[PDB]
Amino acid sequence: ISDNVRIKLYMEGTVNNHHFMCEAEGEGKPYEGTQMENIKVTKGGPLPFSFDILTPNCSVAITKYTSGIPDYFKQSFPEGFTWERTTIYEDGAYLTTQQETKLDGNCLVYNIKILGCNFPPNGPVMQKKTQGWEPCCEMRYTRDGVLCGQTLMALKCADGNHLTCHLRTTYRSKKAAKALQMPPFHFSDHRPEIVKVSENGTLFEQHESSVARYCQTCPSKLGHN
């Protein structure tokens, strides 16, 4: 994959019985781990809920993989990969996502499907009281030939509280495991941020930085990473 790529996104979903569609165009630097997307709600907008719950569904090939840790995603090209995830919110809401990622030339194409349910009508998401995500730390490890990820995230609320959730992901390379260098357990920091909202809450400029690493602040007494 190139050091500079374009991004094209297509999303379709139903949350609490509300159908919607989104499309986005963006750019990013795969090896630097930085990127940005201009996401437009093409159908069903303005959404009856905070766009925040859609943010993390909109790019793991773009991450600075450090410490010699094998990059499961960049290794997957040209074949590409898909990933699936369920996000469990502390107030009972569930959001499941199926995504396909393809690399056509220097353009990353994302096709996303989402199904969300049980979001409380008077909760922060449905009441649009949330104000973006705190950065997070994803735990990555292999299992049964695929790469798994788990993360705890926190939505900022106007009152100062946070609404937390748990992401459980399975990343699936289109390359056979035999053709891949599987990575050891490691982490990936992510910082998604919406820097601008326009067109009556239907257009969002979203930026994100990601870095894969080992625990660097606490030294091992046993020579482990």
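From 1 onward, residues are counted along the sequence shown.
- Unmodelled stretch separating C58 from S59: 1 to 3 residues (count of deposited-sequence residues without coordinates).
- Higher average CA B factor: 175-183, of the stretches 175-183 and 160-168.
- The deposited model assigns a higher average Cα B-factor to 115-123 than to the other stretch when 115-123 and 92-100 are compared.
- Ranked by C-alpha B-factor against the other modelled residues of its chain, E32 falls in the highest third.
- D189 sits in the lowest third of its chain by CA B factor, as recorded in the PDB entry.
- Split the chain's modelled residues into thirds by C-alpha temperature factor. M21 is in the highest one.
- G145: CA B factor in the middle third of modelled residues in this chain (values from the PDB entry).
- When the CA B factors of the chain's modelled residues are split into thirds, the value for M153 lands in the lowest one.
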